[PDB]
Amino acid sequence: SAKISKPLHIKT
Amino acid sequence: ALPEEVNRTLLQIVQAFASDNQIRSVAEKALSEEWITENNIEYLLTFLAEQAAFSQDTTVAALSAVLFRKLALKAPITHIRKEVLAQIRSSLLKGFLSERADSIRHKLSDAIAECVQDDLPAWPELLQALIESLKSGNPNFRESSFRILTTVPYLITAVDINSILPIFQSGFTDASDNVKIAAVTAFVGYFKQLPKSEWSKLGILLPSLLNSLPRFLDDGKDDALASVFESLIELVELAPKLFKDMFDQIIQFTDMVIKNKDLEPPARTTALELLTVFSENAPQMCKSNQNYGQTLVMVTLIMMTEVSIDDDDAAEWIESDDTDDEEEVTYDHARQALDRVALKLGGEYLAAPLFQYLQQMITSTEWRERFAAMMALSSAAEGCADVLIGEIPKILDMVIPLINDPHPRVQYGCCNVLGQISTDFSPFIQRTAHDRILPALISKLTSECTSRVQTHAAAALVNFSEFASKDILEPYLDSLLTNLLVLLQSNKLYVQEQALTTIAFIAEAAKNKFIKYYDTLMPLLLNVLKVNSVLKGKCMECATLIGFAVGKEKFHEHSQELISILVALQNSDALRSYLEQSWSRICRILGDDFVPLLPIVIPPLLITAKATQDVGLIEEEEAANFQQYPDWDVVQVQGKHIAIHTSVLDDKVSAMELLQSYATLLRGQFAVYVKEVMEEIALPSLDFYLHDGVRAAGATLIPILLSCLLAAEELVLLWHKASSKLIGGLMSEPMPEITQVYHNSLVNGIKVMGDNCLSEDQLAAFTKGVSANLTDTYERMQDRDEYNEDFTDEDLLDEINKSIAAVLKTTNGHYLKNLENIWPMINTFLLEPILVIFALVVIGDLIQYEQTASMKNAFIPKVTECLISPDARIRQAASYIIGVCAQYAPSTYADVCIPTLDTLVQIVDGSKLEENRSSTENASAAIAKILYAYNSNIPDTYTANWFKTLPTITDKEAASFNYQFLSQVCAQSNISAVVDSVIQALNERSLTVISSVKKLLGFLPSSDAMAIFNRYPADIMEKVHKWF
């Protein structure tokens, strides 16, 4: 990613 | 219990399993080809149960237990003779109660479970064994009993309630951690497996479980705590309301764990997860309690500060690349948790508690807290947008002063937020805060700042640019660009890479405003490419996005040389994908001049898009570790285990989407490929039952392929083949979302192929598909409480409407016959809003093609009801039906249409408001239809009523009728309302009524004619000149 973004969710 | 011969044959075989290829393969064949047959299976199960139960050898016992478990399903246990089931059960049970190694007792337990079954005879000796083992002083016996209660939760129903309650309470409180975890696991498994009607019978044990939790911190057993938090997380997703009464206690407990920051991460991350998952499963409950929000914000803020531990200067962080440090576990977890809860709960509920804390963290002398503040806002901004979008100057007042913080990590933090909110508050923020955001980011670009910060600011300029118009970026371009060229000269690869992408995306947003920068940038870019794969790819991306922004004529100054470099690059894995997108973008720039490059670009996409479903028929054990790879997944389809290479199938999709986009741009010029892509890629893709992306991507390719061949016999053959596999997919496709794509795909296919593109059998096979689709939607929907607080379905019904309508139109009515068979289905729907809307929409299409009398009586009673429904979508579909009645069935309908007509004068009258402008426009059209059909047979106030409902600006087909009727009110001083009613429709682009109007203006002087448009501004007077 070459922009700002949030980390991927960690569920299941 | 077995002949002694049988024993050493089987013994030899099972022992051969451990070992050499030869001895071991001979045994494998022997087992599968000779021993698992109707005639030997019971001997084999008898043997394996005996070995697992009695063998003194570990390996043989273990293996046989495992094999028995596997083969006992396949047999299956149900078709085994009674005398032998009994004997197998008895030995399995005696083995369990004898002395075995732990892992063998576990495997025995698993084997025993295969012998407990709905249709199998009662096994009350098991019940008795489990109850006694639960009281054993041996943990392994207790633990193994709960394991069986986990595999077979029905046993829990079968024990007396006054025994099973103390069993679990003793379980939660057991001195052995292992037994605790198995008690917890069995307790939650019960809710996992049983119907809700059985839940209240263990539900009452929740407070004993919750009350047992502090003991794990007393003993310092946090790893064990984490596993119990994991089971509790699964229980929240099943029965969140069971937690209502003790909700504060769980909140306070998770709080306590997360604060104890000498605990290892798993107890703290799973505690946070437990908190988080209430917002996903019981949002009303979290919102009705200010404590949840406050604790949740507080603890994620604590965890977000856990960065660069033992490294105050950040030396390590300053020195690394612009990726995440994967050692910062709790910090990562906190960011995704805040984000997740914000997204569920909204800003009304969290912004206040969030902001209470940020005001204060912004001012701390601990840099970690000033960073935390920025990252927390970054996490929460999207979910809290509904409120924060209004407090945008306030937020910049807090954030922007930190852009210059002494500490470079706080600076990076501030870049992060300006970037996150340029996305989350777009497009409003680009319009109103460009003057503060851009100068702030642009100041970080200077080589005065640290590499990490220059790079982060450059990333944030991608977020801003994404939704900034060319006019807003224009005065900032030279400055943006002169800075980024310096970044282009960095000694660090990652700064160069970011520089390139930032320029590419700014150029994308700048469009034709970027033409003046092209001559400085393009040679810098050519030099980089002629000389670090990612750099080259990001560079070609930069060049072709600049190409698209400046247009083809300017792109022509370097296109041939650029194309030659691409060729060299492609024929020489992150690179692959920059190359393919660049070719694809060159196709968008060059139009039809791309045609001579097809033989370079298409073949490799053909290869990838032909990828087959790469499946490995796999074993229970051999999964999980197969699953470790991001590029593989394992599923269970029909009992067995399958490994599917997911990445390869994602790549097949990617390639199909590129072919699709070439076919869409090149139209008739793509025809040469249509046959091959259709037969070798689109169609076989529908049969990819393990990956739905493939199936969908296959479906969307279909109409586009046909339309290419059309624009350039075969067409008819391929369409017959493609429509038939589409149709066939409707009865077999399990995923509702895919079903939808097929209907849409039929609709688009029909739209391309035209009149009578379907045959009679296809029309009949479609009907069955439509019926099975309607039947399974009904079934899933009549499934939506004590324990708990579907556009997927709405969308599928939306498309089924379209396909039916489409099929009706291509048949030119003939599909009415087939449509009769699913009338009962339709009728049930008509009398839950989504099913209703569907049914009304179908009936409106029916009438469009007076042969419907058969059903007048069956629906008008509900439609007339629906007219005055609180739901706008119901009124809309209803009125359309009443209006369509008078249009296509004038006479088999009058006793209805004229009565309703007063209803319509009222529905007509929050009417003219965005939400229901559409519904009232249909009613309006509906009454104009009645006034037409029965023209001077009507008891005329009406028409003057109707008029006051003009203009019609939103629904196009409605507007189309109203102005047709308007064109068949005169003279008067209605004249300026007559005209404007039309100007309004035209200007709003919702709708020869012009001819009628000019005639009326003819009947008035020079001066009277002119004056009507006197109210209109310049721009709509330009249009009016070009209309009249």
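Protein chains get the first letters and strands the later ones, always in sequence-line order, with residue 1 at the start of each. Scope of the values below: all heavy atoms of this structure, side chains included, with no hydrogens, waters or symmetry mates.
At least one donor-acceptor pair under 3.5 Å links the side chain of B:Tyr349 to the backbone N or O of B:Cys286. Proximity of a side-chain donor or acceptor of B:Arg370 to a complementary backbone N or O of B:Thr363 within less than 3.5 Å is not detected. Although no hydrogens or angles enter the test, the distance criterion places no donor-acceptor pair under 3.5 Å between the side chain of B:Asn463 and the main chain of A:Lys3. Listed for the B:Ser364 side chain is no donor-acceptor partner under 3.5 Å among the backbone atoms of B:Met361. Under the 3.5 Å distance criterion, the side-chain polar atoms of B:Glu280 are left unmatched by any main-chain donor or acceptor of B:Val277. One N or O on the side chain of B:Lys241 and one on the backbone of B:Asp785 form a donor-acceptor pair closer than 3.5 Å. Here the side chain of B:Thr173 pairs no donor or acceptor atom with the backbone of B:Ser170 at under 3.5 angstrom. Side-chain atoms of B:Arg100 come within 3.5 Å of backbone atoms of B:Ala52 as a donor-acceptor pair (strictly under, hydrogens ignored). Using modelled atom types, no side-chain atom of B:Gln193 and backbone atom of B:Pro153 make a donor-acceptor pair closer than 3.5 Å. B:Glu789 places a side-chain N or O within donor-acceptor distance of the main-chain N or O of B:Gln284, the cut-off being under 3.5 Å.
The closest side-chain donor-acceptor pair between B:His106 and B:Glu143 falls under 3.5 angstrom. Using a 3.5 Å distance cut-off with no hydrogens or angles, the side chains of B:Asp424 and B:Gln420 do pair a donor with an acceptor. Side chain to side chain, B:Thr185 and B:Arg147 fail the donor-acceptor criterion of an N or O pair below 3.5 Å. For B:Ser176 and B:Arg142, the side-chain atoms include no donor-acceptor pair closer than 3.5 Å. Of the N and O atoms on the side chains of B:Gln360 and B:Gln356, not one donor lies less than 3.5 Å from an acceptor on the other residue. When only modelled atom types and interatomic distance are considered, B:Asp57 and B:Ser55 share no side-chain donor-acceptor pair under 3.5 Å. For the 3.5 Å distance criterion, the side chains of B:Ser378 and B:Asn416 qualify, holding a donor opposite an acceptor.
Side-chain contact between B:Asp219 and B:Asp177 is absent, with no heavy atoms from C-beta onward closer than 4.5 Å. At a threshold of 4.5 Å between non-hydrogen side-chain atoms, the residues B:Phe243 and B:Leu235 count as touching. With contacts defined as side-chain heavy-atom distances shorter than 4.5 Å, the pair B:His691/B:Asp650 qualifies. Under the 4.5 Å side-chain criterion, counting only non-hydrogen atoms from C-beta, B:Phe253 is in contact with B:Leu217. Contact check for B:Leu388 versus B:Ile421: no side-chain heavy atoms found under the 4.5 Å cut-off. Contact of the B:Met303 side chain with the B:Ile258 side chain is registered, since non-hydrogen atoms from C-beta on lie closer than 4.5 Å. Here the side chains of B:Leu418 and B:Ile403 are in contact, with some heavy-atom distance below 4.5 Å.
Separation of atoms CG (B:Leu210) and CD (B:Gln249) is listed at 6.0 Å; rounding is to 0.5 Å. Atom CD of B:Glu234 and atom CG of B:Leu274 lie 11.0 Å apart (nearest 0.5 Å). If you take OG1 on B:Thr269 and CD1 on A:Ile10, they are separated by 8.0 Å, rounding to the nearest 0.5 Å. The distance from atom CD of B:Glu369 to atom OG1 of B:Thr365, rounded to the nearest 0.5 Å, is 9.0 Å. Atom CG of B:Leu205 and atom CZ of B:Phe172 lie 5.0 Å apart (nearest 0.5 Å). Going from atom CG of B:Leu134 over to atom CD1 of B:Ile164 covers 7.5 Å, rounded to the nearest 0.5 Å.
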Go through the steps to decide whether B:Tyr412 and B:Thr450 satisfy the test side-chain contact (heavy atoms from CB on, under 4.5 Å), and finish with yes or no. CA-CA 9 Å; B:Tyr412 169 107; B:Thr450 195; over 6 Å; no

Residues B:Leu108, B:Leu92; criterion side-chain contact (heavy atoms from CB on, under 4.5 Å); working and verdict: CA-CA 7 Å; B:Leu108 279 171; B:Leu92 248 20; 4.2 Å; yes

May I have the step-by-step check of side-chain contact (heavy atoms from CB on, under 4.5 Å) for B:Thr305 and B:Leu301, ending in yes or no? CA-CA 7 Å; B:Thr305 75; B:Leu301 288 172; 5.9 Å; no

Please evaluate residues B:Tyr154 and B:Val116 with respect to the criterion side-chain contact (heavy atoms from CB on, under 4.5 Å), reporting the C-alpha separation (whole Å), side-chain torsions for both, the decisive distance (0.1 Å), and the verdict. CA-CA 9 Å; B:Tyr154 273 103; B:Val116 178; over 6 Å; no

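A ring pair (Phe, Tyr, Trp, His ring centres under 6.0 Å) with B:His645 is found for one member of B:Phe626, B:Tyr629, B:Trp632 and no other, namely B:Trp632.
Remark: B:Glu366 CD is packed, more than 12 non-hydrogen atoms of other residues, nucleotides or ligands lying under 6.0 Å away. By the neighbour-count criterion of 12 heavy atoms within 6.0 Å, atom NZ of B:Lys344 is sparsely surrounded, having that number or fewer from other residues, nucleotides or ligands. Counting heavy atoms of neighbouring residues, nucleotides and ligands inside a 6.0 Å radius, atom CD of B:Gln627 exceeds 12 of them.
When all heavy atoms of B:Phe355 and B:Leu377 are compared, the pair lying nearest together is CZ-CD1, 4.2 Å. Residue B:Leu275 comes nearest to B:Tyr292 through the heavy atom pair O-OH, 2.6 Å, listed as atom of the first residue, atom of the second, then distance. When all heavy atoms of B:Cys415 and A:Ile4 are compared, the closest pair comes out as O-CG1, 4.4 Å. Taking all atoms of both residues into account, the shortest heavy-atom contact from B:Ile362 to B:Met398 is CD1-CB, 4.4 Å. Contact record, A:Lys6 with B:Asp339: NZ-OD1, 2.7 Å, taken as the closest heavy-atom pair. In terms of heavy atoms, B:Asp386 sits closest to B:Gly347 at OD1-N, 3.0 Å.
A salt bridge links B:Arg409 with B:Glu328: at least one charged nitrogen is closer than 4.0 Å to a carboxylate oxygen. Salt bridge status for B:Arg69 with B:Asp110: absent, with no side-chain N to carboxylate O gap under 4.0 Å. Salt bridge annotation for B:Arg340-B:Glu273: present, with a cationic side-chain nitrogen under 4.0 angstrom from a carboxylate oxygen.
Taking the six-membered ring where the residue is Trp, B:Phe96 and B:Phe141 present perpendicular rings, their angle passing 60° and hence far from 30°.
For B:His407, the ring-ring contact (aromatic ring centres under 6.0 Å, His included) partners two or more places apart in sequence, or in a different chain, are B:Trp367.
Annotation: B:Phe371 is in aromatic contact with B:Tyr331 [ring centroid separation under 6.0 Å]. Taking the six-membered ring for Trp and the full ring otherwise, the centers of B:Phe191 and B:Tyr787 sit at least 6.0 Å from each other. Checked against a 6.0 Å centroid threshold, the rings of B:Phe146 and B:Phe168 count as neighbours.
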